[PDB]
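Fold and contact review
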Amino acid sequence: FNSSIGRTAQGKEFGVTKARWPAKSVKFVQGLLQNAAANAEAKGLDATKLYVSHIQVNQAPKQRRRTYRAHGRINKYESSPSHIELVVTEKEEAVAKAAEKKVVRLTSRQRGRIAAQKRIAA
Amino acid sequence: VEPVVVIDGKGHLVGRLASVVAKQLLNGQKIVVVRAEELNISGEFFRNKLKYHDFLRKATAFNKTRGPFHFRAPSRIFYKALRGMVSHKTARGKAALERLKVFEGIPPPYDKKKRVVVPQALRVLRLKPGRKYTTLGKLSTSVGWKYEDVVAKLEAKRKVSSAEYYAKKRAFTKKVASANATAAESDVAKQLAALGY
Amino acid sequence: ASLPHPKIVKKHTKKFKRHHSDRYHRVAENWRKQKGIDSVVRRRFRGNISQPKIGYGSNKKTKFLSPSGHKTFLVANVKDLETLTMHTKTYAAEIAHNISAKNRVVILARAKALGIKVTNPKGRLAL
Amino acid sequence: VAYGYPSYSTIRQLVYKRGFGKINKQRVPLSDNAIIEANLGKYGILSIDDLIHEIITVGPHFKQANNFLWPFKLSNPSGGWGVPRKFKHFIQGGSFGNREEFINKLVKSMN
Amino acid sequence: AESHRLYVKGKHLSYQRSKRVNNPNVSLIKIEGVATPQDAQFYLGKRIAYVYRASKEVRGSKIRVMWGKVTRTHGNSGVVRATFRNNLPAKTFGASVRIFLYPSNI
Amino acid sequence: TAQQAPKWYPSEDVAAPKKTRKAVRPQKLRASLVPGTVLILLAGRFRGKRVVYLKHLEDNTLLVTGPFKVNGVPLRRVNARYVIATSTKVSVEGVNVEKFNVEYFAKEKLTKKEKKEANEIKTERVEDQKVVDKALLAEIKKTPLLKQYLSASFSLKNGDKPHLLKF
RNA sequence: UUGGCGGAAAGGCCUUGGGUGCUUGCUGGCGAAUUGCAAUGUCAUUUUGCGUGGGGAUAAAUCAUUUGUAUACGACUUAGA
RNA sequence: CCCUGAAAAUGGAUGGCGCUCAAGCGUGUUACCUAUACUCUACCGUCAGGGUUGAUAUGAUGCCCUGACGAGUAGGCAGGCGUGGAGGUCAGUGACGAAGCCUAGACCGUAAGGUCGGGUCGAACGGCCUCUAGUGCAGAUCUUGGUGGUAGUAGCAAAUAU
RNA sequence: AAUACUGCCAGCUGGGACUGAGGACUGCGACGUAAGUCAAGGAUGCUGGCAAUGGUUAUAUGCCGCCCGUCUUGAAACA
RNA sequence: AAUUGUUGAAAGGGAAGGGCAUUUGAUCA
């Protein structure tokens, strides 16, 4: 959602040219972040390795309002409330156990060929 | 057969050479064309100059930067000729075009390689004796090309170097022929002659 | 355990979809003949979808035949399963979706006892 | 149409290869003399060779012999029509028109 | 021996097609060294193989081959018609295939 | 019942196939295929290697030899469609090939479940091969360059057209 | 390893001396199989990361403030350890 | 044959590239490519000509044999799928899960449609032979409800000023 | 005399592609003095490999493909 | 369902969407 918005040099670090400085959304996100941090502290997760692994913003039911236009016409003037959710997680990913054996099927000619290579090579 | 085929542009009709090279590229053979400034077109110099002026007249009215790009170099003229022959819009045509490499003169990575001529696209073999032809280099330098002297000097230097190389090769070939003649008149030679080789 | 039958061939393995089904959401994926005066599908031009025709049928010998060579029969109880006692070579039982597991296990046991193939053996069963 | 005088060899080849009869308003192939005798024995014709003879030499029962035979459905010529435009006269360089004895080659190519 | 080849090089030109309609079921193969149908009527019934490579092993090897046979001659330039068990992906209009010498009658 | 009843059930009685008038006849080999002929194999492990035709087995595969002191192909059976018969021929008179037959090369079909997921030759077979190749080289040595010819392997070079090559 | 030539895209070529193999130019010996009548029957190259040894040095840009030869915002042009 | 006659407005048409003992023009001869065209074969449907109560054995509206054909607006006829209800039957299914919904999962039927596997879910539902209709949507500037591009855009600039 | 051209062979033969429908016998024919056999009212024998072929969907490639319904002789229309 | 946000997969030189056949990726008896 950056149609017909102004450009700035503060967004150059992200590679984009059009960026803004929202206020209400930033305060709401910061409040929910502090709530998540408090929840993690209460649960027992240290804040050293906590990273925001999920976030989601959906549209809430609209609060209908009214506006007045020319020639005695009534138009649509509601809001767009947000449903915000977020999940922070402790980061821990060193290595896995890979896949299974993945047994291959060998033709008789293929088996003879590998036997020949084994017999010939040291 | 050869992975890359080098074709000289001397005395070669532009249309016939373009058709042959386009067919080969569509078949899947890598082709590099050298000395494209010596290509010859049937008709007189004034005829081809008028044709090129007619081509130049065509341009987009509202924005001339989006109109037909009338390239002036002989190599670019040859490339445009082949592009008018190959369907460049399709991916297969694009691949055929990237298979092409057209240069003016004899590049450094191609001076020391064998050059091949097209017997069915040569002016001396197709045009009637006494018919008027033109030179692509002269047409380009009269239309707006500005690098006629540079390529001429480079070609002269390359010709001198190749003449020295051919003198050395001819000496070596004479020595090899003398060695073969001495090796002849032997039993192996008679058996080879009887068996053909 | 199938009777010797000719190899099953299908003249049209694809699904006949209605025109503009992928263009408009109101148009479902159910075939409807185009009755428009200028409909390209109805006029059968080149490069458009193919209307179903009488020629796209299947051989009556290999019609209604599953790839395993057994006709599909829907069963709901042990008494229904007893119908295919002397016809297990051509017909295969199929438990409907409304039968609970307590009857499904009995139906499967009876089918195994009588040598009747079931097209859905792993249905509503513990993993 | 293209029409011409046929020969015995091409008549025999046509009758042998694409020879079909008309029995009970059906195109039953002729692979035995029994069917020909059953459907044409009243006219003295009882074998495929007799039918070919009646075709080549016009006789008392040529009308019935020809009516018994289904029209021969030939294919396109194997070696081509030999002309660039079929819809021109034979003297004008096409397949349209009388071909006289030249019809034998075209018939055998198409058969 | 520096060369170990038991086949004949061929180039996949295109399918048996027309001005605006093409038939993927039949392809056209050009044989190097053949210029007329008189000598093209020697590689008839021979097996053509397209030998391509993928990045995933199927049954121990990453090289997969598509097989077909020569059916008849196409044109006066030595091009022949080919019928494959699976039609070529049409991305190989100019690729190199191997025409084997079997079944050999000579 | 979800489905009421099939009105008529097909009878589950198999029908015998009709009598077929398709007899078998012996294979008619090509005129260029005659015992003692030098052959080049096109497909298989020993492709390109040159071999000698000895006997026509009843199963429509030619008995062929790769005499072991020349190139190492064993006494085997080869299909008629995977061999090119060269012009040169070395006779095989005095070489007994009556012992070799179809049941000589017994497959002994491998076991089903136990596949070679990981990890031989008969002394009788070695003995028959030695007996054959002794006389084979004894006759072959009478003419020059045949041993080296058969030891070398056939290959196709650039500019070689099989339709114009008289193998 | 010594030297020379090549700038158009040189990025390659020639050459000097030694070492490491082969040599089918000719004459011998040894083994080739149980891969079963064909089933590409691999050995070439285009990138990314990983692991092992030798080798080369420890930098800039943007935002922030400000300048004005610049401008709607961008952007341009400057400066301040 | 060619040339003057022969001049119209965005930049362009033998399609263009291009072609000159032509790849231009007239004529003569072969080879080559293809239409849902022609010949044969496999399958489906329709029509016509027939056989088949000497059976346990049922569907003679069933089965099989032979031949021919298969385009199509308005329109007619015929054969079939599905929806809301009622009668007979399945002594039908189901709280250990009925209906509904979701499901680039599977099967059958050329097709309308049917069926299975999994998740959600919570009290009803289905097959067979018939009767009945308020029985099938893609449009009618269709009636109602909700939702998108525009769009975080126009704009929130009269009335002296914080 | 030979040869060119045309037409005939119920003369022979080499190579390649598609198709395998029907399912105990019924008929028309040939070989064989005779048993019996056959290319004679629709393909069988042997052998090899695997227990990958193939179905659905996404992308890619070669070709084709104008927007649904109505009015109209004429629709995709700048109706 | 229209619409919207994240995760997972694919494509994107002035459109997307479809048909004829296949390669590759995912999945399937």
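Residues numbered from 1 in each chain as written, not as in the entry; some residues may be left out. Chains lettered and ligands numbered in written order. Part of a larger assembly, values for the part shown. Heavy atoms only, no water. Residues with missing side-chain atoms left out of burial classes, pairs and counts.

Structure determination for this PDB entry was carried out by cryo-EM, with a resolution of 3.2 Å recorded in the header.

1. Quick word on the overall build of chain C
So the rule is basically this: Each helix corresponds to a stretch of at least 4 residues labelled H or I by DSSP, and each strand to a stretch of at least 2 residues labelled E; elements are numbered beginning at the N terminus. Radius of gyration here uses only the C-alpha atoms, and the compact-globule reference equals 2.2 Å multiplied by the residue count raised to the power 0.38.
Per the secondary structure count, chain C includes three helices and two strands. In chain C, the order of α-helices and β-strands from amino to carboxyl end is α-β-α-β-α. Here the C-alpha radius of gyration of chain C, 21 Å, is well above what a compact globule of 127 residues would show, namely 14 Å.

2. Comments concerning a positive patch on the surface
All names here are of chain C. Defined as follows: Exposure above 30% relative accessible area and no salt bridge define the residues that can form patches, which grow by joining like charges within 9 Å and nonpolar side chains of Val, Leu, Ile, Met, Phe, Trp and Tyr within 5 Å. In this description, accessible areas are obtained by the Shrake-Rupley approach with a 1.4 Å probe, and a residue is regarded as covered only by the protein chains that are shown. Whenever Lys or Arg places a side-chain nitrogen within 4 Å of a carboxyl oxygen from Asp or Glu, that contact is recorded as a salt bridge. The charge count includes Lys and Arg as positive and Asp and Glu as negative, but it does not include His or the ends of the chains. Working definition for charges: the position is that of NZ of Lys, CZ of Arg, CG of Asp or CD of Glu. When accessible area is computed with a 1.4 Å probe and restricted to protein chains, residues below 20% of their type maximum are described as buried, those above 50% as exposed, and intermediate ones as partly exposed.
A cluster of basic residues, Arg 18, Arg 32, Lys 33, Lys 35, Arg 42, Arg 43, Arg 44 and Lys 53, forms a positive patch on the protein surface. Secondary-structure assignment places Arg 43 in helix α1 (residues 40-43). Relative accessible area serves as the criterion here: at 46%, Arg 43 is assigned to the partly exposed category.

3. Quick word on the protein's contact with RNA strand H
Which entries qualify depends on this criterion: For each residue, the test is whether any non-hydrogen atom lies within 4 Å of the molecule or strand; if one does, the residue is near. We define a polar contact as two N or O atoms separated by no more than 3.5 Å, with the added condition that, inside protein, one atom must be a possible hydrogen donor and the other a possible acceptor, whereas residues neighbouring each other in sequence contribute only through side-chain atom pairs. Charged means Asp, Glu, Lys or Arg here, nonpolar means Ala, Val, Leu, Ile, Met, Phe, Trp, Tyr, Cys or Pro, and polar covers whatever is left, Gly included.
Surveying the vicinity of RNA strand H reveals 89 residues, the closest of which are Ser42(B), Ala81(B), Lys11(C), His97(C) and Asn98(C). Of what RNA strand H places within 4 Å of the protein, 72% of the atoms are sugar or phosphate. Contact distances for RNA strand H include 2.8 Å between a sugar or linking oxygen and a backbone N or O atom of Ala2(F). Elements with a contribution of two residues or more to the surface near RNA strand H: α1 (14-27), β3 (40-42), α2 (45-57) and α3 (74-83) of chain B, α3 (101-114) of chain C together with β3 (26-29) of chain D. Class assignment for the residues of the surface near RNA strand H results in 28 nonpolar, 30 polar and 31 charged.

4. Observations regarding the protein's contact with RNA strand G
The full set close to RNA strand G counts 49 residues, and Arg7(A), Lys157(B), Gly72(F), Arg77(F) and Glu120(F) are the nearest of them. Near the protein, within 4 Å, the atoms of RNA strand G are sugar or phosphate in 53% of cases. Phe68(F) places a main-chain nitrogen or oxygen 3.2 Å from a base nitrogen of RNA strand G. The side chain of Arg76(F) places a nitrogen or oxygen atom 3.0 Å from a phosphate oxygen of RNA strand G. Its residues assigned to classes, the surface near RNA strand G shows 19 nonpolar, nine polar and 21 charged.

5. Some words on the interface of chain E and chain F
Applicable threshold: Contacts are residue-level and defined by heavy atoms, with any inter-residue pair within 4.5 Å sufficient. Using a 1.4 Å probe, buried area is obtained as the accessible area two parts lose upon being combined, added over both of them.
Each side of the interface is counted separately: chain E has 18 residues, and chain F has 21 residues. Buried area between chain E and chain F, summed over both chains or domains, comes out near 1700 Å², and the portion from carbon and sulfur atoms is 60%. Taken as a group, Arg5(E), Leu6(E) and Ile106(E) account for 32% of the area that chain E buries against chain F, more than any other trio of residues on that side. On inspection of chain E and its partner chain F, the count reaches zero salt bridges. Counting across the chain E and chain F interface gives eight residue pairs in polar contact. When the residues that make up the side of chain E that touches chain F are grouped by side-chain class, the tally is ten nonpolar, five polar and three charged.

6. Digging into the arrangement of the chains
Taken together, the six pairs of chains in contact show their highest number of contacts between chains E and F. Spatially, chain B and chain D are disjoint, and the shortest separation between their C-alpha atoms is 28 Å. For the non-touching pair chain D and chain F, the nearest C-alpha separation works out to 19 Å.

7. Structural notes on the side chain of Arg99(D)
Residue and element names in this part refer to chain D. Residue position: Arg 99 is located in the loop between β4 (97-98) and α5 (103-110). Here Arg 99 sits buried without a salt bridge, and the closest side chain of opposite charge, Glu 101, lies 10 Å off (N-O distance). At 3.2 Å, the side chain of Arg 99 forms a polar contact with the side chain of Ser 95. When sequence neighbours within four positions are dropped, the list of residues in contact with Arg 99 reads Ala 2, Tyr 3, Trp 81, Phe 90, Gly 94 and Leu 106.

8. Description of the interface of chain F and chain C
Taken together, the contact between chain F and chain C spans nine residues of the former and 13 residues of the latter. Buried surface at the junction of chain F and chain C, summed over both partners, amounts to about 1000 Å²; 68% is from carbon and sulfur atoms. Seen at the junction of chain F and chain C, the total is zero salt bridges. Counting every contact that joins chain F to chain C gives zero residue pairs in polar contact. Residue classes in the side of chain F that touches chain C are distributed as five nonpolar, three polar and one charged.

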